[PDB]
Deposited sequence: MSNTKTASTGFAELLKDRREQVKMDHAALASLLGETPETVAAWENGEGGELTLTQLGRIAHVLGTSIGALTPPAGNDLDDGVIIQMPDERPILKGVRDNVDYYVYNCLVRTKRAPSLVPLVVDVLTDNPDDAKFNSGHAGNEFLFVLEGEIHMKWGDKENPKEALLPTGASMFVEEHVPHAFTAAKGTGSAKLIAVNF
């Protein structure tokens, strides 16, 4: 779980996986065998990002492969979030109502979004993001734009329309012209 206990275990596995003893690995890093042994005893807590990049280099792998997963925040498979546990965040316009996330699925980023603008001309595109995205119009009408922001594709979405946006596809939302505001629920995954 802790960075240094995950790292200690993974480091020993990797080192062994490539047949190095403490001495060999130590030679490659400007440390003693006793120091490398210490990292493997959970004493790597102070290693810098740069040093970690070097350890990962000499063992022909990534920092990823030497550090633990995000962890387990689940009560027997479940995490719950109560309505007023959420934070409210800005545009830069949208207002974000962040719903339940979990380290057992870091991709899951579900939001309730209030869409403050109803002037499709003001649509602020994002350059497309890392996961796929399910969306559902909660209240009102959404004017959606996607693809190339130069020559976009557009759609008018009444209340209760659902839509999917593939990863890295640039997109933008606004309420339908002169309808004031709409509400989206978004599930990035």
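Where C-alpha coordinates are absent, the deposited sequence of this PDB chain has the segments 1 to 4, 97 to 101.
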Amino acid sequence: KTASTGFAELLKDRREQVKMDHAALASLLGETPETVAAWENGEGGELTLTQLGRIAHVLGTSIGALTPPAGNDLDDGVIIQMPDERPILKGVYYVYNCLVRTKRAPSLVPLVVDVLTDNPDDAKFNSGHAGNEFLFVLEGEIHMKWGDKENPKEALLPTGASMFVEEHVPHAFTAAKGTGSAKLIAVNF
From here on, numbers count along this sequence of modelled residues.
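For clarity, a rigid core is taken as the largest C-alpha set superposing within 1.5 Å between two forms.
Choosing between 56 to 64 and 119 to 127, the greater Cα displacement from the shown form in 9 other deposited structures of this protein, fitted by the core, goes with 119 to 127. Checked against the record, the higher mean CA B factor of 36 to 44 and 146 to 154 lies with 146 to 154. For the segment pair 119 to 127 and 134 to 142, the entry gives 119 to 127 the higher mean B-factor, averaged over Cα atoms.
In the PDB entry, the Cα temperature factor peaks, among 105, 88, 109, 78, at 88.
In the PDB entry, residue 95 places in the highest third of its chain by CA B-factor. The entry lists a Cα temperature factor for residue 177 that places it in the highest third of the chain's modelled residues.
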